[PDB]
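Fold and contact review
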Amino acid sequence: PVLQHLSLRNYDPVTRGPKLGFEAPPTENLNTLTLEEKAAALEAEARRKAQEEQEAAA
Amino acid sequence: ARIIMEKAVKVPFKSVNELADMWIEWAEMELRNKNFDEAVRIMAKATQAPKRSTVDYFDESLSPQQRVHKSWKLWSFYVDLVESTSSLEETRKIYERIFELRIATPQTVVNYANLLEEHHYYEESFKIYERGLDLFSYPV
Amino acid sequence: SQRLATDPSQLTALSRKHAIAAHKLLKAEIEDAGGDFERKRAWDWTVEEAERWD
């Protein structure tokens, strides 16, 4: 009954304290790609395109 | 039990976290006794202070009852209790009261933005993100 | 007899040393994992600590 009217978004039900982002960051709960998730596959795609262009030129 | 809880709340313990835990236990007992509104009222009475309270909780000069408005655990428990018991207006009021005491972390701002997004509000989420950016600029 | 030979100040100093060692070990584990420990602290600071550090 105590753990039934709580959102459980920032309070730890096991540790009885506030949640910390050091072990459970909120960025893993996002349904899309964040800025850390972005700007990494684009660089890999650009590197792959450059390697393909170099191989085609060779 | 209520009289004993009131006597323990009136006992000036050394740790303010002990008083916060006692208040949380009283609120949990009230919620188990089908008195969630009474538990929220007791939590609001425990975290009661003026509009510009600036007493440091780490200062070992004032009583733990006076230095209890800046308790992050009690504020988080009150927000969690009022999230599933009241509407979005009381949640916004609780968020404004937490922001007035300047005891809200970036996780608190993220939780406020998520609560705004869950209530079909996207401009309020942008406002909460702007508040998080303005309150701590560079690293946080 | 063991408790009377250990003062509360010595116990507090040992607890502080253990906390410092645990923080150093956590920082070393965060650095060895390729993650930035300062950002891990920066997830959950309060406002007043942020103006104090600034």
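Residues numbered from 1 in each chain as written, not as in the entry; some residues may be left out. Chains lettered and ligands numbered in written order. Part of a larger assembly, values for the part shown. Heavy atoms only, no water. Residues with missing side-chain atoms left out of burial classes, pairs and counts.

Per the deposition metadata, cryo-EM was the technique used to determine this entry, at a resolution of 2.9 Å.

What follows is about the overall build of chain A. Scanning chain A for helices and strands turns up 1 helix and 2 strands. Tracing chain A from N to C terminus, the helices and strands come up as β-β-α. What you see for chain A is a C-alpha radius of gyration of 21 Å, clearly larger than the 10 Å of a compact globule of 58 residues, by over 25%. Structurally, chain A occupies a C-alpha span of about 70 × 20 × 15 Å along its principal axes. (Helix = DSSP H or I, 4+ residues; strand = E, 2+ residues; numbered from the N terminus. Rg over C-alpha atoms; globule rule 2.2 N^0.38 Å.)

Turning next to the interface of chain B and chain C. Taken together, the contacts link 11 residues of chain B with 9 residues of chain C. Along the lines of polarity and charge, the residues of the side of chain B that touches chain C split into 8 nonpolar, 2 polar and 1 charged. (Contact = heavy atoms within 4.5 Å. Nonpolar A, V, L, I, M, F, W, Y, C, P; charged D, E, K, R; others polar.)

The closest approach of N and O atoms between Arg52 of chain C and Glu49 of chain C, which form a salt bridge, is 2.8 Å. On the criterion of helical spacing, the pair formed by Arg52 of chain C and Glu49 of chain C is a turn pair, its members being 3 residues apart in helix 3 (residues 47-53). (Salt bridge = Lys/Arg side-chain N within 4 Å of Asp/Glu carboxyl O.)

Now for the packing of helix 2 (residues 16-32) of chain B against helix 3 (residues 36-46) of chain B. Packed helices, taken two at a time, are described by their axes: the angle between them and the distance between them. Residues and elements named next belong to chain B. The interhelical angle for the contact between helix 2 and helix 3, taken along N-to-C directions, is 165°, at an axis separation of 7 Å. The angle between helix 2 and helix 3 falls in the class roughly antiparallel. For the pair helix 2 and helix 3, the sense of crossing is right-handed. Where helix 2 approaches helix 3, its residues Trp23, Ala27, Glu30 and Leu31 are matched on the opposing element by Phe36, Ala39 and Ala46. Split by residue class, the contact of helix 2 with helix 3 holds 6 nonpolar, no polar and 1 charged. (Axes fitted to C-alpha atoms, helices over the stretch in contact; angles between N-to-C directions. Parallel < 35°, antiparallel > 145°, perpendicular 65-115°, else oblique. Left-handed = near helix turned anticlockwise from the far one by under 90°.)

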